[PDB]
Amino acid sequence: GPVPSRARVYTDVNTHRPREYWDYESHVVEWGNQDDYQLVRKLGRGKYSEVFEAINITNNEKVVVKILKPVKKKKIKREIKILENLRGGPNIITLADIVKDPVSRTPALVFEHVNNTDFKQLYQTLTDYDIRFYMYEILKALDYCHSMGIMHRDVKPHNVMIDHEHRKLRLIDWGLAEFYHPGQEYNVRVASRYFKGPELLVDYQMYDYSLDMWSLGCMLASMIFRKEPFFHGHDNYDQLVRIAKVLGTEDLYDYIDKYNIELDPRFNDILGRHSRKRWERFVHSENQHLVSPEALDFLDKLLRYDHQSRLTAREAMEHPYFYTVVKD
Ligand SMILES: COc1cc(/C=C(\C#N)C(=O)Nc2ccccc2O)ccc1O
């Protein structure tokens, strides 16, 4: 069978938390007043929710109302419980309220308002300092939720809100987030294709927080190299081949051999043999100002097949890449 895996950090956090903390199916939602919020305009319609700009008329403050699409109640309460567990954490989106929406007959999550700019728009103008700064801000959110026993499992630019005017960042859409329990096998059908960790693409279910670090690596690669997205697979199988053309097939086999994982036999005629590449090959005159030896070394240490070999969020925050970022 497959070799079990454990997170190398925050392994037992949910073990020594009270059951109330992670047993989200037993959570009791405290409903606010749905009439407190006047929807102003629709912002987006995802697979699991519609997001609206609204005003809390009890304080005349802009808020964001996320009306969930009809899904299993465990998944709704998972997100709610995770949001309430992480509330107040660094750069975690703040769940201000939960109301029962009378039209959808589904919970509407009310969040703080973040004056976001489009990441396609934003990532075109981000400076080298801007990238390191926001990466560090994402790392604060990731280390916090990991330290709280939760993996986001959907880290991608669309889930990173940035008010660039006030240099404000929020990690959002915790609808795929899960509590990490040692030895638990998780759904591999998480994260967007371009940001899926190799563990997902090889169907290894006993993953952990390190999944988010791969996704963060994919984001960093897309920014400093100005290639959106970096690993641009056409499906989940071609996705792994895209990664294997950069990280090499031999370390891929080392990875699946370490965990006694077997590749889908459909990889036999599409994977091929690929050397591991040096990150300098992706540097060119149009992105070189975003690249540094620290950037490449940091990226190198995030994008590792072996989830157990990736930098943890805290380790990533110690990296020389962030030495130039002004601390507070
Ligand atoms: C989808 O899941 C979540 C979404 C959010 C928040 C937003 C979204 N999407 C949001 O504020 N967007 C936005 C704001 C201002 C201008 C343009 C915008 O698109 C918060 C928590 C979630 O869980």
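Sequential numbering from 1 along the given sequence is applied to the chain's residues. Start at 1 and go down the list; that is how both ligands and their atoms are numbered.
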Review point. Under 30°, 30 to 60°, or over 60°: which ring-plane class applies to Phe267 and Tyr237, parallel, tilted or perpendicular?
Key: perpendicular
Review point. Parallel, tilted or perpendicular: which fits the ring planes of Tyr255 and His307, with parallel below 30° and perpendicular above 60°?
Key: perpendicular
Practice item. Sort out for me which residue in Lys168, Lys140, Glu137 forms a side-chain hydrogen bond (donor to acceptor under 3.5 Å, both in side chains) with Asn91. Key: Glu137
Check your understanding: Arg87 side chain to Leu95 main-chain N or O, any donor-acceptor pair under 3.5 Å?
Key -> yes
Starting from the N and O atoms of ligand 1, find every protein N or O within less than 3.5 Å and list the pair with its distance.
{"from": "ligand 1", "atom 1": "2 (O)", "to": "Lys66", "atom 2": "NZ", "distance (Å)": "2.8"}
{"from": "ligand 1", "atom 1": "23 (O)", "to": "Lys66", "atom 2": "NZ", "distance (Å)": "2.5"}
{"from": "ligand 1", "atom 1": "23 (O)", "to": "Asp173", "atom 2": "N", "distance (Å)": "2.9"}

Review point. In terms of the angle between their ring planes, are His319 and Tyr321 parallel, tilted or perpendicular, with boundaries placed at 30° and 60°?
Key: perpendicular
Could you list the donor-acceptor pairs under 3.5 angstrom formed by side chains in residues 243-251, with sequence neighbours left out?
{"from": "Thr249", "atom 1": "OG1", "to": "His274", "atom 2": "N", "distance (Å)": "3.0"}
{"from": "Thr249", "atom 1": "OG1", "to": "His274", "atom 2": "O", "distance (Å)": "3.4"}
{"from": "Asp251", "atom 1": "OD2", "to": "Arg276", "atom 2": "NH1", "distance (Å)": "2.7"}

